[PDB]
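Undergrad: One structure is given below, represented as C-alpha cells, and several questions about it will come after.
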Amino acid sequence: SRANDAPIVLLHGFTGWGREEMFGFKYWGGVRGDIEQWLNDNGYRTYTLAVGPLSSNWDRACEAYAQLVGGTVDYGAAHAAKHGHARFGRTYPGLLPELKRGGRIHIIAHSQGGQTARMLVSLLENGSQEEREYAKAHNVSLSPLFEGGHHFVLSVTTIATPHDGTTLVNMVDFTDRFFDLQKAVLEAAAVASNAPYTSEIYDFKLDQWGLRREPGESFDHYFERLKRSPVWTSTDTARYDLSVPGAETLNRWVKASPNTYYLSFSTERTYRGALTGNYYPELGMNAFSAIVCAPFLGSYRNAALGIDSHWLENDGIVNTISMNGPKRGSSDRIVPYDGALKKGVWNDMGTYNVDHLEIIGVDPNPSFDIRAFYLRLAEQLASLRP
Ligand SMILES: [Ca+2]
Ligand SMILES: [Zn+2]
C-alpha cells in the first residue's frame, strides 16, 4: 500500500525533449505510447522535465532546479567564469510550487538523466562550496541551489544510467557516430535530419552557449556546428561526463544522500560470443545500436581505464556494469534488492533484457511489457516510507 503521495518527475538523458516538442512524440514512451500519461491515469501524479541534452550534468541540474521551483536558471558565478558561458539561462514558470512549501518528489531518470538526478540531489542537500566561496570573495549574489539544506527528493531511480561512464565515447569516430545516433532518434520520431525545418521541433536549450538552430537550418547542418562548438569541445559537457574519466570525476563529489532512496535498473541486450570474451547485439536491438555501437562496446578494452571483460556486456549504448550505481571514485554503496528498500544506498533492482531505447519505448519490443514495468515501479515508489 501507498506510504507517500510524492509526485513522480521524469528526466531524459543525452537525447530528450519536452512533451510539446517533436510534434508530441514522447521521449518517455516513444512508439509504445505516453508513460507519464499511463502513470497519471493510474493515480500516480507525474511530470516531465526537459533540459539540455548535450549540456553538462551541472548545467542540467541548474536547469532542472529552476524548472521545478520557477525562476531564471543560474549556473553559478564561479562555474560561468570557469567555463566561459552565461551565468543566467532561460526562465521557467515553475512546475511544482509545492516543493518550496515542503513537498517532495520521486525522480525517475533514464540514461545520463541518472547522473543529473544524483547531482541535483547533491546540490540541493549540500550546495557548492566553490560557488559559496566565490560569492563571498566577489560579493555577488548566490542561487539557493548552492547553499544546501533542501529536502526536495525522496527518491532517485536510474534506468540504464552510465554511473561509471560508457566506453562508447572512446570510439574512433565517436563524434560523427554520436550525432548519427541523435539523427536515428529523430528518425524514430518521424523527423528528418536533412529537412530545412522552419519551426522549433527539438530545442537543444543551449542558451548559456548562445547556440541555436536557425529557421530553415537542417539538423544535419546544425549538428556539424554543434560538433565544433564548446558543448562538444569543452569539459563542461555531456560528452565529458559520459566518459569513464568524466563519470568518475562526477562520482568523487556527487554522493548518495542518506535522506533519499536510490533505485537502479540495469539493461543488457547482448550475447557472449563463442571462442571469445566479446559481446554481440541480440536479435531485436534497435538497428542503429546493433550496427554502429554494440560491436564496439562488446569488444573494446582499455587497461589504463580498467576496461576489461566485465565491461563488454552492454545495452547498445552503455556498458551494463556501469548501471547498477556509481563505483569508480565513489563512496556510495550498492545492495541487491531484497524486498525492502533502504535509504541512502543504491538498491539494485535487477537487470532487464531490454536495450537502451527499448526501455523508454523509442524502439519496439513486443516481449517487453513497458506499461507494467513503469506501473510496477510507480507502485514501489509510492510505497516508500517518507
Ligand atoms: Ca527492438
Ligand atoms: Zn556549464
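Undergrad: Quick check on segment 8-117: of the DSSP beta bridges with both residues there, what percent are antiparallel, nearest 5%?
TA: If I count the DSSP bridges inside segment 8-117, around 25 percent turn out antiparallel.
Undergrad: A follow-up question, please. How far apart, in nm, are the 7 Å Cα→Cβ label points at residue 172 and residue 224?
TA: 2.3 nm
Undergrad: Just rank 101, 385, fewest to most, by other beta-carbon atoms within 10 angstrom. Spell out each step's value before the answer.
TA: Details: 101 7, 385 10.
Placing the least packed residue first, the sequence is 101, 385.
Undergrad: Ok, one more. Could you tell me which of rounded, prolate or oblate describes the chain, using a ≥ b ≥ c as the square roots of the eigenvalues of the alpha-carbon gyration tensor, with rounded for a/c under 1.5 and, failing that, prolate when a/b is larger than b/c and oblate otherwise?
TA: The shape class here is rounded.
Undergrad: Related question: How big is the antiparallel share of DSSP beta bridges in the chain, given as a percent to the nearest 5?
TA: Percentage antiparallel, nearest 5: 30.
Undergrad: Estimate the FRET efficiency between residue 195 and residue 353 by the formula 1/(1 + (r/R0)^6), using the beta-carbon distance for r and 35 Å for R0, to the nearest 0.05.
TA: Efficiency at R0 = 35 Å is approximately 0.50.
Undergrad: At a threshold of 8 angstrom on Cα-Cα distance, excluding pairs fewer than six apart, so keeping six or more, what relative contact order does the chain reach in percent? Please list the in-between numbers first.
TA: Numbers: 818 pairs, mean separation 79.5, N = 386.
Once normalised by length, the contact order is 21 percent.
Undergrad: What is the order of 54, 226, 95, fewest Cβ neighbours within 10 Å to most?
TA: The fewest-first ordering by Cβ neighbours comes to 95, 226, 54.
Undergrad: Could you order peptides 304-311, 58-65, 260-267 by the average number of other Cβ atoms within 10 Å of their residues, highest first?
TA: 58-65, 260-267, 304-311
Undergrad: Using a basic spin-label model with each label point 7 Å from the Cα along Cα→Cβ, how many nm lie between residue 282 and residue 37?
TA: 2.8 nm
Undergrad: Here's another thing I want to ask about it. Under a straight-distance cross-link criterion of Cα-Cα below 20 Å, which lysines are reachable from residue 343, leaving out those fewer than 8 residues away in the same chain?
TA: Cross-link targets: 255, 327.
Bear in mind that the values in this text are calculations on the coordinates, not laboratory data. Don't worry about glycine lacking a Cβ; one is built from the backbone with ideal geometry, like all the others, and counts go over all protein chains shown.
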